[PDB]
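Shown next, in structure tokens, is the structure this report addresses.
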Amino acid sequence: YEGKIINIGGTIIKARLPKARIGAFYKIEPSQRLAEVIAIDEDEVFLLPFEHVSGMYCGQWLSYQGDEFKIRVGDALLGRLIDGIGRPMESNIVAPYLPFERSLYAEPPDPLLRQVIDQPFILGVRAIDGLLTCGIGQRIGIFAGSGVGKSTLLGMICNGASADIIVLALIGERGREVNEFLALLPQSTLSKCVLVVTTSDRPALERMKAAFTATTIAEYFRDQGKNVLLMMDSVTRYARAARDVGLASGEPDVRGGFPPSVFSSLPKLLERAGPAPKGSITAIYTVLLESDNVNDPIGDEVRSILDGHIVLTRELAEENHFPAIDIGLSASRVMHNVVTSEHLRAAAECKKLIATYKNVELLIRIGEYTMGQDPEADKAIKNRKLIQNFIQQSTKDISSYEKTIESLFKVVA
Amino acid sequence: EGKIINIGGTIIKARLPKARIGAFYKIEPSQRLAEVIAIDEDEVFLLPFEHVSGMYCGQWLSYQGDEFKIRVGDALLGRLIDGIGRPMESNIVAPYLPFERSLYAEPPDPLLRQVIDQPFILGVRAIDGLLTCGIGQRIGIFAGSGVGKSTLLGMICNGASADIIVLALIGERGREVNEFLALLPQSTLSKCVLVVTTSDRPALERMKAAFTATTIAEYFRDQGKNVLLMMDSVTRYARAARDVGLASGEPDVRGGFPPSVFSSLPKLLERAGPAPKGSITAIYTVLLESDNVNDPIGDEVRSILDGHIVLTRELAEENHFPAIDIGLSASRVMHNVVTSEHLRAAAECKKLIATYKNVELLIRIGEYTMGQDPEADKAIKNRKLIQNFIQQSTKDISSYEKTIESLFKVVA
Amino acid sequence: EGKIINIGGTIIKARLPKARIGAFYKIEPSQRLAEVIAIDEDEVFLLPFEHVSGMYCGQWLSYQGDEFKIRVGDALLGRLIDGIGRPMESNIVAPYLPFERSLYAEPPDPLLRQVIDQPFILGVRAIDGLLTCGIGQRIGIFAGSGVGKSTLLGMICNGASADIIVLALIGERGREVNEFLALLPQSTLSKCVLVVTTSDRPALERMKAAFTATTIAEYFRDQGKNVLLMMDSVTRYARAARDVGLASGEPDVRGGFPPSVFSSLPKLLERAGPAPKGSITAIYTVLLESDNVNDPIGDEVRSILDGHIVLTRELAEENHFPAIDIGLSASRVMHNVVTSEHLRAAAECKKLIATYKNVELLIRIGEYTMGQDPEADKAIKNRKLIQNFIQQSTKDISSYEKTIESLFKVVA
Amino acid sequence: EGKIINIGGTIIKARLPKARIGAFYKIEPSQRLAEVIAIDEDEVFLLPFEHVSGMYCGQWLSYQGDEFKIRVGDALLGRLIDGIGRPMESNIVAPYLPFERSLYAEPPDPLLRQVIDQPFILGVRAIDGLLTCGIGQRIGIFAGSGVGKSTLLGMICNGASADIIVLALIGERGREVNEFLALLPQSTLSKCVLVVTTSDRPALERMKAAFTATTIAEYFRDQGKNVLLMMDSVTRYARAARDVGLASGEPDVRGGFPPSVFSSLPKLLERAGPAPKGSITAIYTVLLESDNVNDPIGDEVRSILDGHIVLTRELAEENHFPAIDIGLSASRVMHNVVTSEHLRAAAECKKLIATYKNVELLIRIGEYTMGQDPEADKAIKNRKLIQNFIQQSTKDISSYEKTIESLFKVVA
Ligand SMILES: Nc1ncnc2c1ncn2[C@@H]1O[C@H](COP(=O)(O)OP(=O)(O)O)[C@@H](O)[C@H]1O
Ligand SMILES: Nc1ncnc2c1ncn2[C@@H]1O[C@H](COP(=O)(O)OP(=O)(O)O)[C@@H](O)[C@H]1O
Ligand SMILES: Nc1ncnc2c1ncn2[C@@H]1O[C@H](COP(=O)(O)OP(=O)(O)O)[C@@H](O)[C@H]1O
Ligand SMILES: [Mg+2]
Ligand SMILES: [Mg+2]
Ligand SMILES: [Mg+2]
């Protein structure tokens with residue numbers, strides 16, 4: 001009725017329709033599909049469709065629906081799967097009564113009301129609780145290459161950790177995995193868990209807005225006053241989708257691909273999940289790196305945004321050192337507040353023992369090390385197979401927080 | 001009805017008013033085909049099905065349908081298919097196929113995938129004992145050029161018992177069609193469809209042949225069969241899509257490639273997996289732009305598939321065949337498939353392989369004294385047993401039971 | 001017929017309507033031709049055959065034929081052709097060449113090719129023994145500059161015994177025509193066709209010489225006789241196609257090269273090989289842009305040809321001539337054309353060379369004792385035999401039987 | 001004529017209708033020529049080199065010729081010529097120079113350019129006895145900085161056996177050219193024709209100095225003499241051509257260099273070889289560095305020339321002048337310009353050089369006893385005579401029969 005699509009191809013369509021707001025969405029009038037206005041020029045506007053672009057033609061009419069895309073949240077979506085758009089995935093069910101219609105884009109808390117985090121958030125993995133340590137309210141990231149340990153360690157964390165609500169966002173990832181995450185979490189955890197699932201075949205928009213859907217649901221269950229655990233698998237899939245949308249809309253190319261929209265819109269998403277006046281969100285974001293280098297565009301940006309980073313190395317997965325986290329290269333920015341002085345000092349001594357062996361390792365292999373002429377090299381060797389049973393852990397094992405402390409005190413001696 | 005206004009070398013563009021995207025057209029005097037890929041308000045970019053030599057400005061385009069659909073049916077078993085669905089072998093009669101299928105279908109719904117828990121034996125001892133294939137697992141074979149990819153698919157063509165074998169040979173040597181017909185017996189060739197487009201063929205016909213292989217494998221999946229799909233150098237599809245996507249005016253997001261080859265590789269690889277009715281277990285061969293595993297398409301296909309088998313050139317020069325690097329290889333479902341003593345025997349064997357590659361320069365130069373480290377002596381004493389368990393000739397196939405009993409014997 | 005509106009150094013833009021792509025035109029005040037590459041509405045982008053340095057704006061184009069066709073006949077034997085197709089011998093009267101045909105031809109059908117199982121005796125002893133070649137395959141010589149490619153083609157040209165030999169010299173040192181013409185006797189020159197372009201010649205004639213050499217070789221193939229196409233530096237064709245593609249407005253995708261180079265190599269290299277009627281055994285040399293085999297164009301030619309002889313500079317400096325590195329090299333038909341104990345002996349001789357290369361540090365500074373590895377003691381005992389087997393001089397030639405019995409002698 | 005439309009900083013545009021390409025136009029306020037490089041419809045591109053700042057919108061041009069020409073003649077001996085072709089020494093008058101050559105000629109017909117057969121006498125005992133030059137060989141000396149390039153190069157100037165030497169110095173400074181030409185006497189400046197352009201001159205004149213020296217040496221070839229051309233620093237020819245080609249607007253293909261540099265080096269240094277009348281024996285210089293390792297100009301120059309000399313650094317940090325490392329350097333045309341006994345006596349000395357290198361790094365750690373090998377002990381007894389034969393002072397010139405008999409008394 002209003003405008004006409006004049007340009008079809010790639011990821012974005014372009015239509016002639018005047019007096020368009022930005023962000024408002026539009027039904028393709030003979031086709032039931034609908035599209036969001038992402039960028040406006042004088043009379044031609046860039047739209048981004050929700051579905052496939054095939055089948056369209058020039059002059060196809062474009063009706064009007066709403067001024068902002070909002071999702072529909074409620075208390076009645078625990079234990080239930082949600083799409084990236086906001087719809088429920090499963091069709092066996094009777095549809096819920098979700099009463100509260102929330103906008104997708106919202107504001108972080110005031111920086112003066114976000115209190116200092118000083119309570120440890122127990123995950124269950126011995127390395128990431130003993131050496132590094134989380135806190136109720138931080139947002140930690142898991143940095144790895146392709147197929148190293150990210151989804152296996154996030155499954156261990158979801159198995160071991162406990163929170164009032166658990167929001168788990170499987171964005172950009174293979175469809176085989178939505179049943180493995182429903183398999184390894186129990187019935188009591190499925191009583192309090194919302195999955196937000198977007199497979200990698202889905203369009204740019206669903207794979208781009210599923211992260212904002214999961215963050216909005218976590219903010220809703222925060223505002224009731226509950227400690228909610230957010231877990232987002234491959235936030236770099238959001239980054240790739242924002243890349244190809246922003247490049248198709250005609251933007252420049254800074255820091256290896258990646259328009260300014262990506263690096264300017266990551267903190268508008270990652271700053272929304274932390275401590276708050278009522279409740280808190282403990283977010284865990286996994287990051288895929290374009291090589292094994294940690295110094296990616298997106299890897300370095302997300303490392304400079306978050307509150308702690310767990311870097312997993314492929315060269316430790318070649319040796320079956322699982323979980324493959326690299327202790328010298330990873331860090332946790334709040335463990336000096338959330339734990340006492342004995343644990344922090346013992347963790348410091350164990351980290352320095354690991355780095356000391358990593359310096360001593362190569363000249364043992366080619367056969368030039370001499371015992372006796374260095375007191376702290378031998379101390380890093382005499383303990384080494386004792387510390388590795390603390391630093392590497394089976395998948396079907398959870399560890400208590402007091403066994404972790406006593407194991408670290410026995411290791412560090 | 002409209003007329004061509006330029007020819008660019010890869011794609012053409014034309015003055016078609018109000019044309020559908022995806023629709024294909026006949027170039028009216030000379031009997032060829034092209035299809036719409038982009039629209040600029042009256043000027044459509046078209047990708048021709050053939051070579052572009054001979055064309056001129058003002059050449060008409062008659063209309064033929066809204067979608068290039070292939071003619072599929074049950075009489076494809078035992079015969080060879082061109083990259084866009086046509087039969088190749090002119091020696092025999094044209095087959096009769098009843099149904100039409102488009103090349104672009106949706107993956108099965110993620111709630112209906114039913115996590116894979118049954119082993120798929122291959123015949124290679126390294127991808128039985130130390131890696132293990134599930135029925136529904138999609139696997140990749142990552143190597144450089146001439147490292148052993150095709151040799152290993154030839155090993156696991158006559159070793160894997162599946163109901164329908166749909167083999168795609170996109171972007172490779174014309175000489176090989178006969179060699180992959182000289183490794184398959186008639187008890188295998190009677191159930192094997194062999195889709196093949198070679199390196200000569202146009203960029204559309206190497207782009208749109210992996211979709212033909214997946215569509216045929218989905219027709220044989222929906223009947224209820226366990227299909228074994230296997231493609232040769234899916235990076236030839238990736239390079240054809242690079243060429244067309246750069247000719248159509250897209251940027252260069254990573255290592256040479258447009259974003260549309262990164263966003264259209266999952267919606268080909270995600271269709272081959274476990275399903276409610278039937279299953280497709282697929283094996284994708286991936287060529288790397290060097291011997292680095294961190295190629296862009298190598299990295300993306302490693303982050304899509306359910307298992308990667310990395311073959312290195314170093315082991316090929318060492319005459320260690322098949323050249324599988326056990327450290328860089330992984331199978332994402334081995335633990336859901338094998339028994340637990342099998343799993344810990346596999347982990348101990350990979351520990352022994354890594355420990356020998358630690359202590360090898362310590363024993364060769366002469367500093368390793370026999371008795372210092374209580375795992376390196378295990379590795380040294382079991383080196384040759386591990387090595388003739390890992391290596392295998394092309395015409396030797398192993399079963400599952402003999403492989404795991406030799407694994408238990410070698411690892412302890 | 002049309003004027004010229006742009007002259008750009010390589011691509012000139014004529015304003016002439018209804019022009020067919022592939023057609024060539026004359027610049028009518030002169031006798032120099034130009035071939036159409038791309039078109040627009042009424043502006044065709046075309047490439048001149050000679051250099052561009054004498055042209056002005058309004059300069060007409062007479063129409064010549066719609067495709068560029070060389071004239072081939074049976075009287076090209078013993079002649080000298082350039083990359084356009086003209087004779088170079090002014091001292092000899094021009095022959096009678098009744099047929100004409102275009103330079104762009106499809107390969108044989110992939111099923112009408114056959115599995116090659118007959119050896120091609122080169123004469124070089126190392127290649128014949130350890131690596132070996134089949135009648136109808138495409139071997140490829142990879143080296144640096146000045147490592148010894150050309151010398152090995154001269155050796156392999158005196159030694160081989162094909163019916164017709166079509167030696168192409170593309171983008172090469174003009175001094176060498178008489179040196180490749182002096183190592184041939186008259187008994188081989190009477191059956192050999194020689195196609196010579198030079199590094200001085202422009203980016204079309206250096207680009208079009210490979211296609212005319214392969215067209216002449218396909219003519220003598222279609223007469224039904226085993227021909228031998230030897231091509232000197234096919235990478236000069238790759239450089240010329242890079243310049244033509246980048247002048248025509250193509251993007252870099254890998255190492256400086258456009259997509260059109262990587263799309264135009266496989267059809268050139270894939271029209272040679274087996275055939276229903278005859279065979280065309282091809283030996284291509286590839287100049288790697290440094291002394292490394294992971295050149296973009298070196299890797300893409302290795303992933304097309306079936307077999308590769310990788311020469312190294314570290315052996316050429318140490319007077320290991322010819323400088324074939326036996327570990328880096330391969331031949332994809334070795335297992336198929338020769339007997340089984342020959343395959344076993346060659347495989348463990350290659351393994352013996354590799355296991356000396358992983359020992360010799362223990363010998364140069366004294367860390368090796370005799371009786372702990374009997375294979376290594378046998379290797380150190382037999383190295384003088386083997387480096388009197390791998391090395392041979394240029395005028396040395398050995399038949400196939402003496403090569404096999406010397407291999408059986410050299411590894412016992 | 002026409003006037004300047006705009007100046008885009010480096011390249012300028014001017015409306016000259018029906019203006020050819022290659023032509024040179026005269027700016028009307030000053031004495032500054034400029035070159036057309038690309039032609040549009042009625043608005044040609046045009047390239048200034050001297051000075052850009054004092055320019056208008058409306059500054060005029062003036063037509064001179066079809067393209068640029070220089071004045072060659074027999075009275076060029078003992079001169080200094082600019083890269084334009086102007087005589088640099090203004091203290092004398094340019095004599096009756098009657099002939100009129102262009103800068104761009106073709107190399108001879110390769111059938112007429114016949115095999116090079118007789119040795120070129122050079123003077124330096126290393127390049128004359130161990131390696132050997134030829135009459136028509138294009139030697140390229142690879143030097144560092146501080147190895148003794150200019151002193152050796154002056155020995156080549158003075159000790160040569162050629163009728164005319166032609167010297168070009170392409171990128172150099174005034175102290176550098178004066179300290180070079182103050183090393184060779186008036187008896188050598190009688191036959192020499194210096195073509196000097198320095199590192200303050202614009203890049204067009206440094207690019208044209210190579211062509212100017214080549215053309216005047218071809219003129220001295222066509223009247224039947226042995227020309228000895230010496231381009232100093234083709235590295236800086238390549239830097240000048242890179243800067244011109246990038247300023248014209250041309251894509252980077254390899255290491256910072258446009259396609260025009262890589263396609264302009266063969267048509268430069270193929271012109272300097274054997275000929276049907278006379279011959280020109282060329283010797284180029286490339287400056288290799290220690291901050292690069294690839295240096296694409298060094299690789300391309302090594303691919304186009306035939307025979308190269310590597311001047312290493314540590315052969316100068318212990319004062320071994322001339323600093324030629326035999327075994328790292330080689331000449332191709334040696335086996336047909338030397339006799340057989342001189343060939344076998346030359347290979348023996350380089351075998352002894354490599355042999356004492358091996359035995360010396362064996363013995364200086366302490367793993368050698370005197371008495372192992374007679375090739376080692378003959379190397380021991382002949383080291384002082386080898387190092388006495390290779391070492392040659394700045395004033396010492398030897399003949400060729402003395403060189404052969406000194407080689408025969410160093411082979412013993
Ligand atoms: N802690 C671990 N224990 C056992 N296996 C592991 C562990 N971490 C990684 N792996 C092995 O590595 C493979 C790939 O890990 P995955 O979690 O799928 O990577 P991604 O980070 O890409 O999702 C898994 O199949 C797994 O078997
Ligand atoms: N198991 C094996 N036994 C013997 N040779 C092998 C084996 N695996 C690889 N090769 C060698 O590698 C060659 C080329 O491998 P191929 O599979 O054709 O490479 P690509 O991966 O490029 O298709 C084989 O012809 C053979 O020479
Ligand atoms: N088999 C050999 N025996 C002795 N010398 C050789 C041999 N092969 C090459 N060489 C030396 O190497 C030089 C250059 O080899 P060539 O093949 O011309 O290099 P390119 O590969 O660049 O053409 C030759 O002049 C020759 O002296
Ligand atoms: Mg994952
Ligand atoms: Mg293959
Ligand atoms: Mg050569």
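By convention in this document, the chains of the structure tokens carry letters A, B, ... by their order, each chain's residues are numbered from 1, and ligands are numbered from 1 in the order they are shown.
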Within 9 Å of chain B, which residues belong to chain A? Use only C-alpha atoms and report them as a ChimeraX atom specification. /A:5-11,53-60,89-90,145-147,173-180,183,197,199-204,240-241,243-244,247-248,253,256-258,288,290-292,314,317-320,364-367
Serialized selection, C-alpha atoms, as an mmCIF file, in the first residue's frame:
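Generated file (out_4.cif):
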```cif
data_model
loop_
_atom_site.group_PDB
_atom_site.id
_atom_site.type_symbol
_atom_site.label_atom_id
_atom_site.label_comp_id
_atom_site.auth_asym_id
_atom_site.auth_seq_id
_atom_site.Cartn_x
_atom_site.Cartn_y
_atom_site.Cartn_z
ATOM 1 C CA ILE A 5 10.455 -2.610 -2.882
ATOM 2 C CA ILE A 6 12.874 -1.403 -5.563
ATOM 3 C CA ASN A 7 16.035 -3.366 -4.738
ATOM 4 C CA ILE A 8 16.327 -7.025 -3.725
ATOM 5 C CA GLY A 9 19.520 -8.924 -3.134
ATOM 6 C CA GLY A 10 22.005 -10.040 -0.528
ATOM 7 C CA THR A 11 20.684 -9.560 2.997
ATOM 8 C CA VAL A 53 14.678 -12.951 0.373
ATOM 9 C CA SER A 54 13.899 -15.403 -2.463
ATOM 10 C CA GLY A 55 10.704 -14.936 -4.456
ATOM 11 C CA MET A 56 10.525 -11.144 -4.264
ATOM 12 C CA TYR A 57 10.105 -8.725 -7.146
ATOM 13 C CA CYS A 58 10.275 -5.012 -7.880
ATOM 14 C CA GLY A 59 7.286 -2.939 -6.877
ATOM 15 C CA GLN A 60 6.052 -5.493 -4.363
ATOM 16 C CA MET A 89 9.864 -23.145 19.152
ATOM 17 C CA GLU A 90 8.000 -26.266 20.227
ATOM 18 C CA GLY A 145 39.163 -21.256 18.761
ATOM 19 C CA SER A 146 37.003 -23.490 16.624
ATOM 20 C CA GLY A 147 35.915 -26.640 18.411
ATOM 21 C CA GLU A 173 24.993 -22.815 16.725
ATOM 22 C CA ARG A 174 24.280 -26.191 15.186
ATOM 23 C CA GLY A 175 20.839 -27.696 15.661
ATOM 24 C CA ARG A 176 22.223 -31.027 16.847
ATOM 25 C CA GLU A 177 23.102 -29.340 20.151
ATOM 26 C CA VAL A 178 19.694 -28.220 21.463
ATOM 27 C CA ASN A 179 18.994 -31.831 22.528
ATOM 28 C CA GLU A 180 22.407 -32.274 24.123
ATOM 29 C CA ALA A 183 19.992 -33.882 27.939
ATOM 30 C CA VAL A 197 17.474 -21.142 20.296
ATOM 31 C CA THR A 199 20.337 -22.332 14.615
ATOM 32 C CA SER A 200 23.029 -21.176 12.186
ATOM 33 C CA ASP A 201 20.771 -21.621 9.145
ATOM 34 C CA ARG A 202 18.385 -18.873 10.292
ATOM 35 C CA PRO A 203 18.462 -15.364 8.704
ATOM 36 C CA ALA A 204 20.640 -12.438 9.748
ATOM 37 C CA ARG A 240 29.066 -11.705 12.434
ATOM 38 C CA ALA A 241 25.375 -10.999 11.767
ATOM 39 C CA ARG A 243 28.815 -7.258 10.458
ATOM 40 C CA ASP A 244 27.085 -8.420 7.316
ATOM 41 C CA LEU A 247 28.190 -3.770 5.590
ATOM 42 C CA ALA A 248 25.161 -4.409 3.386
ATOM 43 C CA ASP A 253 35.517 -1.323 7.347
ATOM 44 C CA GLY A 256 39.409 -6.436 9.913
ATOM 45 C CA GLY A 257 35.901 -6.532 8.458
ATOM 46 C CA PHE A 258 33.448 -5.295 11.071
ATOM 47 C CA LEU A 288 34.839 -17.915 18.927
ATOM 48 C CA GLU A 290 38.945 -16.384 13.821
ATOM 49 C CA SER A 291 42.205 -18.245 14.426
ATOM 50 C CA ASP A 292 43.847 -19.568 17.537
ATOM 51 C CA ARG A 314 44.165 -25.585 21.254
ATOM 52 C CA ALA A 317 43.618 -29.779 23.666
ATOM 53 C CA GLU A 318 46.230 -31.562 21.543
ATOM 54 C CA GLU A 319 47.542 -33.154 24.747
ATOM 55 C CA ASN A 320 44.157 -34.146 26.268
ATOM 56 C CA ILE A 364 63.811 -30.479 29.390
ATOM 57 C CA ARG A 365 62.505 -31.873 26.088
ATOM 58 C CA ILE A 366 65.655 -31.156 24.085
ATOM 59 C CA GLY A 367 67.563 -32.285 27.162
#
```
Within region 50-249 of chain A, find each residue whose DSSP state, derived from the backbone, is strand (DSSP E), and express the selection as JSON, numbers by chain. {"A": [60, 61, 62, 63, 64, 65, 66, 70, 71, 72, 73, 80, 81, 82, 100, 101, 102, 103, 139, 140, 141, 142, 143, 144, 165, 166, 167, 168, 169, 170, 171, 172, 173, 194, 195, 196, 197, 198, 199, 227, 228, 229, 230, 231, 232, 233]}
Could you build a table of the residues in chain A lying no more than 8 Å from ligand 1, giving for each the nearest pair of atoms and their separation in Å rounded to one decimal place, using only C-alpha atoms and all ligand atoms, ordered by chain and ascending residue number, as CSV?
```
residue,atom,partner,partner_atom_place_in_ligand_line,distance
A:144,CA,ligand 1,21 (O),6.7
A:145,CA,ligand 1,21 (O),7.1
A:146,CA,ligand 1,22 (O),4.9
A:147,CA,ligand 1,22 (O),3.1
A:148,CA,ligand 1,19 (O),4.4
A:149,CA,ligand 1,9 (C),4.0
A:150,CA,ligand 1,21 (O),3.3
A:151,CA,ligand 1,17 (O),3.7
A:152,CA,ligand 1,17 (O),3.7
A:153,CA,ligand 1,1 (N),6.2
A:154,CA,ligand 1,17 (O),7.9
A:288,CA,ligand 1,21 (O),7.5
A:317,CA,ligand 1,9 (C),7.0
A:320,CA,ligand 1,5 (N),7.7
A:321,CA,ligand 1,1 (N),7.9
A:322,CA,ligand 1,1 (N),4.2
A:323,CA,ligand 1,1 (N),3.9
A:324,CA,ligand 1,8 (N),6.5
A:392,CA,ligand 1,1 (N),7.9
A:393,CA,ligand 1,1 (N),6.6
A:394,CA,ligand 1,3 (N),5.8
A:395,CA,ligand 1,3 (N),5.0
```
Save the residues we just selected, N, CA and C atoms, as a compact mmCIF listing (two decimals), in the first residue's frame?
```txt
# COMPACT_ATOMS: atom_id res chain seq x y z
N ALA A 144 37.85 -19.07 22.89
CA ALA A 144 38.55 -20.21 22.33
C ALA A 144 38.48 -20.17 20.82
N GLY A 145 39.19 -21.10 20.20
CA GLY A 145 39.16 -21.26 18.76
C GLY A 145 37.96 -22.06 18.34
N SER A 146 38.09 -22.71 17.20
CA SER A 146 37.00 -23.49 16.62
C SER A 146 37.04 -24.90 17.21
N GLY A 147 35.96 -25.29 17.88
CA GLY A 147 35.92 -26.64 18.41
C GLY A 147 37.03 -26.97 19.39
N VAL A 148 37.15 -26.22 20.48
CA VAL A 148 38.21 -26.49 21.45
C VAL A 148 37.61 -26.94 22.79
N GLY A 149 36.92 -26.05 23.49
CA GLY A 149 36.24 -26.51 24.69
C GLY A 149 35.00 -25.75 25.09
N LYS A 150 34.57 -24.77 24.29
CA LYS A 150 33.58 -23.80 24.77
C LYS A 150 32.29 -24.49 25.20
N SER A 151 31.62 -25.20 24.30
CA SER A 151 30.36 -25.81 24.68
C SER A 151 30.51 -26.96 25.67
N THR A 152 31.69 -27.55 25.81
CA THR A 152 31.81 -28.61 26.80
C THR A 152 31.94 -28.04 28.20
N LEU A 153 32.64 -26.92 28.32
CA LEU A 153 32.82 -26.23 29.60
C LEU A 153 31.56 -25.48 30.01
N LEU A 154 30.81 -24.96 29.05
CA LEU A 154 29.54 -24.33 29.38
C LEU A 154 28.52 -25.36 29.85
N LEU A 288 34.11 -17.17 19.94
CA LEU A 288 34.84 -17.92 18.93
C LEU A 288 35.84 -17.01 18.24
N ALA A 317 44.53 -28.74 24.10
CA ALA A 317 43.62 -29.78 23.67
C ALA A 317 44.29 -30.82 22.78
N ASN A 320 45.26 -33.73 25.39
CA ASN A 320 44.16 -34.15 26.27
C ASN A 320 44.24 -33.51 27.65
N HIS A 321 44.58 -32.23 27.71
CA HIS A 321 44.55 -31.49 28.97
C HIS A 321 43.17 -30.85 29.11
N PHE A 322 42.18 -31.70 29.37
CA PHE A 322 40.87 -31.07 29.39
C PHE A 322 40.40 -30.83 30.82
N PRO A 323 39.75 -29.70 31.14
CA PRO A 323 39.40 -28.53 30.33
C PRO A 323 40.62 -27.71 29.96
N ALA A 324 40.63 -27.17 28.75
CA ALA A 324 41.87 -26.70 28.15
C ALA A 324 42.20 -25.27 28.50
N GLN A 392 43.04 -30.24 35.89
CA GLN A 392 42.26 -30.87 34.83
C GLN A 392 41.24 -31.83 35.43
N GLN A 393 40.08 -31.92 34.79
CA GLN A 393 38.88 -32.43 35.42
C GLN A 393 38.02 -33.17 34.41
N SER A 394 37.42 -34.27 34.84
CA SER A 394 36.51 -35.02 33.99
C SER A 394 35.22 -34.24 33.77
N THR A 395 34.51 -34.62 32.71
CA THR A 395 33.32 -33.87 32.32
C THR A 395 32.14 -34.16 33.24
```
Could I get the residue neighbourhood of ligand 6 at 9 Å, counting only C-alpha atoms and all ligand atoms, as a PDB file with C-alpha atoms, in the first residue's frame?
```
ATOM      1  CA  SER C 145      64.184 -19.980 -10.296  1.00  0.00           C
ATOM      2  CA  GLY C 146      67.316 -21.464 -11.754  1.00  0.00           C
ATOM      3  CA  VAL C 147      66.988 -24.677  -9.790  1.00  0.00           C
ATOM      4  CA  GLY C 148      66.926 -26.898 -12.858  1.00  0.00           C
ATOM      5  CA  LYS C 149      63.438 -27.181 -14.364  1.00  0.00           C
ATOM      6  CA  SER C 150      64.469 -26.514 -17.992  1.00  0.00           C
ATOM      7  CA  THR C 151      67.434 -28.894 -17.813  1.00  0.00           C
ATOM      8  CA  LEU C 153      62.736 -30.978 -19.569  1.00  0.00           C
ATOM      9  CA  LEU C 169      57.965 -22.231 -24.505  1.00  0.00           C
ATOM     10  CA  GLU C 172      60.627 -17.596 -21.493  1.00  0.00           C
ATOM     11  CA  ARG C 173      64.148 -16.439 -22.171  1.00  0.00           C
ATOM     12  CA  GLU C 176      66.860 -20.663 -25.113  1.00  0.00           C
ATOM     13  CA  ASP C 232      57.730 -24.443 -19.990  1.00  0.00           C
ATOM     14  CA  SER C 233      56.570 -22.203 -17.116  1.00  0.00           C
ATOM     15  CA  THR C 285      56.900 -26.637 -15.287  1.00  0.00           C
ATOM     16  CA  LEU C 287      58.099 -21.411 -11.309  1.00  0.00           C
TER      17      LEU C 287
ATOM     18  CA  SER D 303      64.475 -15.624 -13.338  1.00  0.00           C
TER      19      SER D 303
END
```
Among the residues of region 21-267 of chain A, find those DSSP assigns to helix (DSSP H, G or I) from the backbone and print them as a PyMOL selection string. chain A and resi 75-77+126-130+150-160+177-184+187-190+204-223+236-248+260-265+267
Within 6 Å of region 154-161 of chain B using only C-alpha atoms, minus same-chain residues under 6 positions, as a compact mmCIF listing (two decimals) with C-alpha atoms, in the first residue's frame:
```
# COMPACT_ATOMS: atom_id res chain seq x y z
CA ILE B 121 31.99 -48.34 11.19
CA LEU B 122 34.29 -47.17 8.41
CA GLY B 123 37.01 -49.76 8.03
```
Show me, as a PyMOL selection string, the residues that have an atom within 7 Å of residue 126 (chain C) when counting only C-alpha atoms, minus same-chain residues fewer than 3 positions from it. chain C and resi 129-130+389-390
Counting only C-alpha atoms, a student should be able to say which residues of chain B come within 8 Å of chain C; what is the right answer, written as a ChimeraX atom specification? /B:5-9,52-58,89,145-146,172-179,199-200,243,246,255-257,289-290,317-319,365-366
For residue 214 (chain B): contacts at 12 Å, only C-alpha atoms, fewer than 6 positions along chain excluded, given as a count of residues only: 38
